[PDB]
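Values reported hereafter were calculated over all heavy atoms of this structure, with side chains retained and with hydrogens, waters and symmetry mates removed. Nothing fancy with the numbering, it's 1 onward along the sequence. First listed ligand is number 1; within each ligand, the first listed atom is number 1.
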Amino acid sequence: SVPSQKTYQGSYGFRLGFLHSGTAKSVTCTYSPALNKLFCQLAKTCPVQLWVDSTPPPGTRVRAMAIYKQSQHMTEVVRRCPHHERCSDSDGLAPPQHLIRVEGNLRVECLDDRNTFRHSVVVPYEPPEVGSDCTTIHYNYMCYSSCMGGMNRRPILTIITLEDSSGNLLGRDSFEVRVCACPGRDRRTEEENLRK
Ligand SMILES: [Zn+2]
């Protein structure tokens, strides 16, 4: 079983947005539109924008889940490595196995699927505040892409799903993630490789 990654705006015109953070050596999180790839440092704040054309109903939720990008690894549950799952960096709510956490949201729910064993993290959808045109979720990635016994240098995708109160699909978007020491350099390197 592999979760779908098919982009789907749905009835509410759901899609993600990313800040424009640049590629300075010091940047902690940066997004490449050309690669559809987020580059970030370990456990640092990753703002992800939620855009809609119309407001979805009360009880709508937003779920994040990771899958391996390569087809030969897609059936493997993405989880934290044997070191990081035991490093007692708990935030009180996220299970220590979970790669993706949501920062600063007390209504977070952390799911371990009883059938697929995949991890996900879900929060209620809130419409944009006064003076904002979108809503933002702050994500943290809790292992490096290179962590041995975990992602093990394999690329992952994050799948963001807009769901109704039963968990039915309303919209879907996705992006590749690399968790690394120097996001700014790595984004520049991979974008240069793409041009070449
Ligand atoms: Zn790790």
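For the Zn ion (ligand 1), the set of protein N/O/S atoms nearer than 2.8 Å consists of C81 SG, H84 ND1, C143 SG, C147 SG, ordered by chain and number.
Summarising the geometry, atom OH belonging to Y68 is positioned 3.5 Å from atom CZ belonging to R154; distances are rounded to the nearest 0.5 Å.
Defined by atom type and a distance below 3.5 Å, a donor-acceptor pair is present between the side-chain atoms of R187 and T30. Side chains of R63 and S120: a donor on one and an acceptor on the other come within 3.5 Å. Judged purely by distance below 3.5 Å, without hydrogens or angles, the side chains of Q49 and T136 never pair a donor atom with an acceptor atom.
Residues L16 and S174 share a closest heavy-atom pair of CD1-N, 4.3 Å.
Applying the ring pair (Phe, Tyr, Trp, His ring centres under 6.0 Å) rule to pairs touching residues 138-181 yields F18-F175, sequence neighbours excluded.
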